[PDB]
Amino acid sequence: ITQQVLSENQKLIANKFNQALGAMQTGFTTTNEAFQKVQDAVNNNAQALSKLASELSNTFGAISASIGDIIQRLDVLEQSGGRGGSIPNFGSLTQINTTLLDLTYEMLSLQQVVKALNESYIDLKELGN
């Protein structure tokens, strides 16, 4: 253990740390890119479900009215004083409550983390005077 060895070991530590830093930045950048894709996927399929549900209600409405008009035509033909089958109630779908994913705070945070990691690099210039 000499001083040359000490300062050479300092370089080993600094380089290993700088090596790890680059890996962290990649990790958090990749994590961030993944969250963006997840947010977009989840939101797209929630909007499709919400849209379908409204088109479904729109369809059931036309079916129910059509059936109602058929029952009213049966009664006219039956001449039974409206003693046939009453017009049924088909209820309604529950308004879909969808959760939209908003990871804008989290994604900007990871953007800043990678950035702060970049400020942590050990410049070999500042070592050994």
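So that there is no doubt, residue numbering starts at 1 and follows the sequence shown.
**Q** So, looking at the entry's B-factor column for Cα atoms, which has the higher mean, 75-83 or 50-58?
**A** Mean CA B-factor is higher for 75-83.
**Q** Can you tell me which stretch has the higher mean Cα B-factor, 25-33 or 84-92?
**A** Between 25-33 and 84-92, it is 84-92 that shows the higher mean C-alpha B-factor.
**Q** Select lowest, middle or highest to describe the third in which the CA B-factor of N97 falls within its chain in this entry.
**A** Tercile = highest for this residue's CA B-factor.
**Q** Check where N45 lands among this chain's C-alpha B-factors and tell me if it's the lowest, middle or highest third.
**A** Its C-alpha B-factor, which the entry lists for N45, ranks in the middle third among residues of this chain.
**Q** Could you look up the Cα B-factor of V5 in the entry and say which third of the chain it sits in: lowest, middle or highest?
**A** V5: CA B-factor falls in the middle third of its chain.
**Q** So where's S66 on the chain's Cα temperature factor ranking, which third?
**A** As the PDB entry reports it, the C-alpha B-factor of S66 lands in the middle third of its chain.
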